[PDB]
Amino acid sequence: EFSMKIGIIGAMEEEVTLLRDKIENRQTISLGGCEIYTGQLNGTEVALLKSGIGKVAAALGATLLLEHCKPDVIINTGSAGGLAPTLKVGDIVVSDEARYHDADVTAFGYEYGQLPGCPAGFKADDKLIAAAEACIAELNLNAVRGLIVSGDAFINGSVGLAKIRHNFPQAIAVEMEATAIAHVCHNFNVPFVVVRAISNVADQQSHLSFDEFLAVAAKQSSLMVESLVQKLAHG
C-alpha cells in the first residue's frame, strides 16, 4: 500500500531518537509541548511522536497525533519493566491488550483497573500483533505476548510491584503510557499495538537496571518498529 501512514509513539528522546534519525524527508511539528516528526521510513510514510512521560502526556500527545496527522494505525514503543519470568533485558514484549494497574473504581462495581465508560481492558489489533510476531521470528528475538499494564509510577519492587502481580497475575510487563495510548485509540477507533523492549524487571534494582539498559532496549524496540513498519506496508 502506497497511501498508508503509520503512527509511532515513544515517550523519551532516548526511545525515539534512533527512529527519528532514519526518517527520510523529515520535518518537525511542535504542538502543545510535544514533537512529531513526519517523513518516511524506507519509503513508508510515518508520523513519530515524542509524547513525554506518563498517562496524561501520552493521551494529550496521542490525541494531537490523531487529530493533526490521522495515522491509520499506532505503534507504541520504548522500554518496559519485565514481569513474565522468561523475560530478560533486551527482550521484546507485544501487547495482546492494555489495562491500567492503578485505576480503581471497584467501589462502584467496575472491575479493578477499569474506568467508567471504558472496557476493562483495551485490545491491541490482531493484524498488528500477527505482523509484530512475524518480525520477531524473522529477527530471531526472544519475546512474550500478553497483557501490558500502565500506571503513573515507576515500579521498583516493594509493595508497588507486589500489588501489581497480585491484581494482574497474567501481566507480562509494566510501564507508563501504553494504556493511555490504547484508551485514546479506542475512542477514535484506531488500531494499536505496543512493541517495547525490557530494560529492567520492575524490582528494587529497576532504577539501576533502567539506567544501564535503556539504550539496548531502545535499540531492540527500534529495530522491531523499523521491521514492523516495513512488514505492515509491503508484506
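Heads up: residue numbers just count along the shown sequence, starting at 1.
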Self-check item: Per the entry, higher mean C-alpha B factor between 148 to 156 and 85 to 93
Solution: 85 to 93
Quiz item: Which wins on mean Cα temperature factor, 136 to 144 or 110 to 118?
Solution: 136 to 144
Practice problem: Pick out which of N189, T63, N200, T179 has the highest C-alpha B-factor in the PDB entry. | Solution: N189
Self-check item: Chain thirds of CA B-factor: placement of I23
Solution: middle
Quiz item: Can you tell me which third, lowest, middle or highest, the CA B-factor of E14 falls into for its chain?
Solution: middle
Practice problem: Consider only the C-alpha atoms of the modelled residues in this chain, order them by B-factor as the entry records it, and name the third containing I36: lowest, middle or highest. | Solution: highest
Quiz item: If you rank the chain by CA B-factor, which third does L208 end up in: lowest, middle or highest?
Solution: highest
Quiz item: Is the Cα B-factor recorded for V56 in the lowest, middle or highest third of its chain?
Solution: lowest
